[PDB]
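Given as structure tokens, the chain that follows is alone and in the form deposited in one PDB entry.
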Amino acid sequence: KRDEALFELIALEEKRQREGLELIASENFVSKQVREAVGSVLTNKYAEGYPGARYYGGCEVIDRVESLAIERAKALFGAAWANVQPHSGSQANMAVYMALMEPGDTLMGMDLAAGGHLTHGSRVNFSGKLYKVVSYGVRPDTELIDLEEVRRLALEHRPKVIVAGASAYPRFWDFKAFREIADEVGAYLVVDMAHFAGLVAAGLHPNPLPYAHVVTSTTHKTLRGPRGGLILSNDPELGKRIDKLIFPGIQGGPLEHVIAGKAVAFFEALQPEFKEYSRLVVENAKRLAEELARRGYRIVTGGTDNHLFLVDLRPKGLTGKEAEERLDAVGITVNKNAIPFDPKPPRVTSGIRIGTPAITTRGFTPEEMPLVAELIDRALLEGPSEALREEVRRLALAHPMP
């Protein structure tokens, strides 16, 4: 028997994805071939270990698949070593921390409201429960990272690991400076490029490989690959320790169907079309931010250098939660998001985050941003209305889906 109820739901999610404007910065739309690989029979094989060194037999073919994913990741980012087994970006960070630190050590990361990820030291996350956390933020005036403040904290606290990279920071990172700061205190520099990995691959964002000791990332998000993790390093010696922490350290059998999909995504990222795609992602973000700014919205840092931006809704008397609900009601999906110095808890927040990777995959161009800006503005001021939902639906339907 076919599970009709379940598949009817999947069809409903397909429709929702086609008929709305997905503006969540961490989402995107994977290609048909990525999905073909992820839905392959590769899930039927237990492949604990690494290529040429597995616990079970019958991995002769699987070894070529994983190896291909490894080599493509190295060539794409210019890394001497890679591990494509992490189940998620979260597991990638966990393995790295457990390999460089012992519980109780000091971890230095970006404050959450300022843009850091949960795995960068949040008290409700394993990162903040197992290690002592020292957080750095942004300046209250420009909302940018102040490198001297970072330096001062490092000298004072002497962390074992410093983490650069974020979930909601709209500007470039000076990796060279962060490494110098790390060297001054004998710390490891870990760069979590999850959000901007694709921009790095396309040459549109500084590359952390030469400066960080280790780089973690997701294969999904700007890289537009399957949902999973990835680790890179230019130090293969450090790479060997980390390999041991991924397995048998924190994971069991890897998801080889997903790793096959990672190989495909890397293949897609090496094609010239990916550079054009990535260039458009950025142009869309900047243009859309400018359009909202021209409508009276306050943009954190005043703009963006990447694929996302934050909107401080305080002057509008709206909480991020309220805005997310109103926009959602008319087919425009975003996420409530903390902004630097947010007086509200993460469940409410004082802003919303917007990103363009997903709509850019659907063919949206900078010239269409003024229209997307108008729709957002109306939904926040006039509230939801059936006529507004219908406008969004038609706009979205005028664009193909992979």
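Take the two forms, find the largest set of C-alpha atoms that superpose within 1.5 Å, and that set is the rigid core. All residue numbers refer to positions in the sequence shown, first residue = 1.
The same protein has a further form, the form deposited in another entry, not shown here; the description that follows concerns it.
Undergrad: Relative to the superposed core, which single residue of 213, 157, 316, 257 shows a CA shift of 2 Å or more between the shown form and the other one?
TA: So the residue whose C-alpha moves 2 Å or more is 316.
Undergrad: Establish whether a shift of 2 Å or more occurs at the C-alpha of residue 350 between the shown form and the other one, with the two forms superposed on the rigid core.
TA: Yes; that C-alpha moves by at least 2 Å between the shown form and the other one.
Undergrad: Core aligned, does the CA of residue 341 move at least 2 Å between the shown form and the other one?
TA: Shift of 2 Å or more: yes.
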